[PDB]
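Below you'll find the structure, written out as C-alpha cells, and then a few comments.
Just so it is clear, none of the values below were taken in a lab; they were calculated from the coordinates. All Cβ positions, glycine included, derive from the backbone under ideal geometry; neighbour counts span all protein chains shown.
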4 protein chains.
Amino acid sequence: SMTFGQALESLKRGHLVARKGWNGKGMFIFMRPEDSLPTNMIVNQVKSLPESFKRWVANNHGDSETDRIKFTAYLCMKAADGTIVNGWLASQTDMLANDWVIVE
Amino acid sequence: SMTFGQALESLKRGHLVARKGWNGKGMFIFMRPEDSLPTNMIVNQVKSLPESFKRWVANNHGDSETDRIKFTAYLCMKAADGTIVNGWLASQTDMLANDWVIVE
Amino acid sequence: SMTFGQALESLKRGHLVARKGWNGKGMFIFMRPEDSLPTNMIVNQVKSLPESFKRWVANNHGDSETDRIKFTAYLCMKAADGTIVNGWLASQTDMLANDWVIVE
Amino acid sequence: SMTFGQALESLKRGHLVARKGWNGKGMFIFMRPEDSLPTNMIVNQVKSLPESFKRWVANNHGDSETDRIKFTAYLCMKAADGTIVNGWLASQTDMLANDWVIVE
C-alpha cells in the first residue's frame, strides 16, 4: 500500500514495482541507471541510434577516444504484451495513487 | 533537499512546490483536488469543454438532474509566462531528482 | 488508422479520439480549449484549487473582472471507470502508434 | 513552423527536431527505433539493467538461445547540459504547439 514516492524509492534501490489499479496485467516498471559512453563507441557501434544523431556526435567530437556522453537514469516498463518501453511516464493518476506494490 | 516523492506528499497536503532550478523563472506546481460537478453544469455552464464531450455526457445521461461526473486529482503548473497549465507532467529527470523545494 | 499527429489535429478540431491498442476499453481523450477566468472567480469560487494557490492569485493580481488568469489548452481523458483525468499524458507507444481512431 | 504531429512524422524518419524556443539551449529530441534482443544477452551483457529485471528475464527464458525481448521505439532528448535523456516527455504545451522545427 505505497505512494508513488515510496515506489520511487524502491525503484532507486533496484526493485520492480506496479500499481494494483492498472488496466493491463502482468506489468511493472523499473529503473535503468546512469551510464557514460565514449563518443567513438556512439558513432560507430551503438545502434538504436539514428544516423543524424551519430553525425551530430561525430561533428562535435571527431576521433576522440576519451570524450564521453552521459545518459541519465530513467524509468522503463515491461508492458502487458511483454515488450519493454524505455521511458515510462507517470499519468496524473499514477503519480497521486497509493496502490503501488513491489513486484520484486 | 526533497525527492519527487516527498514533493508529491507536500503537494497532496496543498503546498506549491518546485525544483530549485525553476526559481529564476518563477515556476511552480500544485495539486487540484478531486471534484464532482453536476452534469447540468457540465452540459450547460462549463465553457472549457468541447461540444463533443458535452454531447457525450448527454448521449449517456440525457436530462439527468442527478448524475455527476467525477474529475480526479491532478497536477498543474503556474508557468514562467504566468499562464496555468492543467496537467503538468514529470520528466525522467524530475522524477529522479532530489532538489525539490516547497515554494509556499 | 491515424498517427498521433492526425489524432492531435482532430483533437484540435474538437473531436474525441482513442487508440485501438489501449488496454482499457471505452476510453477516449479530448481537448479542453484555452480559458480566461477573472481572478475574483479563481480566488472565491473555484473549489478545485488549493488555498495556497488562491492566495498566490490574490497576492499577485487584482479583483476587477478585467483581471484575468489564462489557462492554456490541454488534453484530458475519459477513463475506463467513467472518471475524467485532466492532463492526459502520451506514452512513448501512444506518441509513435498508428492505431488512433475517431470516437466522435 | 510544424505541428507536433509533423515533428513526430519527421522524428519517425530519423530527423532531430526541436521547438523554436529550445534553440538558445541547443536542445533537441530524436527517436530510437525498435530492437529485439536475445534473452541471454539481456541477462549477461546489457549493462544498465537492474539485477531484479535480469533475474525476472532468466526466470522466464532460461538460456534459450532464441528467446527475444522486444524494446519498442521511443523518444530521447539531448538536454541543455549535453546529457542524453532516454524517454523524453511531451508537455501539454509541447503537444499543442506549432513552433516545431527540424534541427537536422
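Couple of notes before you dig in:
- Segment D:1-29 residues that are in contact (Cβ under 8 Å) with a residue 60 or more places away in the chain and farther than 14 Å from residue D:98 by Cβ, paired with ones that are basic (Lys, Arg) and outside any helix (DSSP H, G or I) (beta carbon under 9 Å, 6 or more apart): D:16/D:78; D:28/D:78
- Verdict on residue A:10 being of a type in the set (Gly, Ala, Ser), crowded, with 18+ Cβ neighbours inside 10 Å and either under 21 Å from the mean Cα position of the chain (by Cα) or over 30 Å from residue B:9 (Cβ atoms) (or both): yes
- Residues being within 14 Å of chain A (Cβ to nearest Cβ), of a type in the set (S, T, N, Q) and under 19 Å from residue B:84 (Cα atoms) - total across segment B:1-26: 0
- Subset tally (residues that are closer than 24 Å to residue C:54 by Cβ and either facing another protein chain (nearest Cβ under 7 Å) or among the polar types (S, T, N, Q) (or both)) for segment B:91-104: 1
- Yes/no for residue C:95 being of a type outside the set (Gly, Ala, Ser) and part of a helix (DSSP H, G or I): yes
- Just so you know, in segment A:48-68 the residues that are more than 9 Å from chain D (Cβ to nearest Cβ) and charged (D, E, K, R) include one that is farthest from residue B:6 (Cα to Cα), and it is A:63.
- Residues within segment D:31-59 that are within 19 Å of residue A:73 (Cβ to Cβ), touching a helix residue (DSSP H, G or I) at 6+ places or on another chain (Cβ under 8 Å) and surrounded by 17 or more Cβ atoms within 10 Å (Cβ to Cβ), tallied: 2
- Single unsatisfied condition, residue B:88 versus (1) of a type outside the set (D, E, K, R); (2) within 11 Å of chain C (Cβ to nearest Cβ); (3) surrounded by fewer than 17 Cβ atoms within 10 Å (Cβ to Cβ); (4) part of a loop (DSSP other than H, G, I, E, B): (3)
- Residues (hydrophobic (A, V, I, L, M, F, W, C) and either under 13 Å from residue D:94 (Cα atoms) or not in a helix (DSSP H, G or I) (or both)) located in segment D:1-15: D:2, D:4, D:7, D:8
- Residues of segment A:35-47 satisfying the condition of being farther than 20 Å from residue D:27 by Cα and facing chain D (nearest Cβ under 9 Å): A:47
- Residues that are assigned to a loop (DSSP other than H, G, I, E, B) and on the phi < 0 side of the Ramachandran plot, drawn from segment D:16-63: D:16, D:27, D:33, D:34, D:45, D:46, D:47, D:48, D:49, D:50, D:63
- Residue B:63 vs. criteria loosely packed, with under 15 Cβ neighbours inside 10 Å and either out of contact with any helix residue (DSSP H, G or I) (no Cβ under 6 Å at 6 or more places or on another chain) or among the hydrophobic types (A, V, I, L, M, F, W, C) (or both): yes
- Filtered residues of segment B:74-104 (kept if free of Cβ contacts under 8 Å to residues at least 24 places away in the same chain and more than 11 Å from the chain's Cα centre (by Cα)): B:81, B:82, B:83, B:91, B:92, B:93
- Residue list for segment A:74-85, filter: within 7 Å of chain D (Cβ to nearest Cβ) and either in contact with a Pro (Cβ under 6 Å, 6 or more places away or on another chain) or assigned to a loop (DSSP other than H, G, I, E, B) (or both): A:83
- The requirement of being within 9 Å of another protein chain (Cβ to nearest Cβ), closer than 27 Å to residue C:73 by Cα and crowded, with 17+ Cβ neighbours inside 10 Å is not satisfied by residue D:71.
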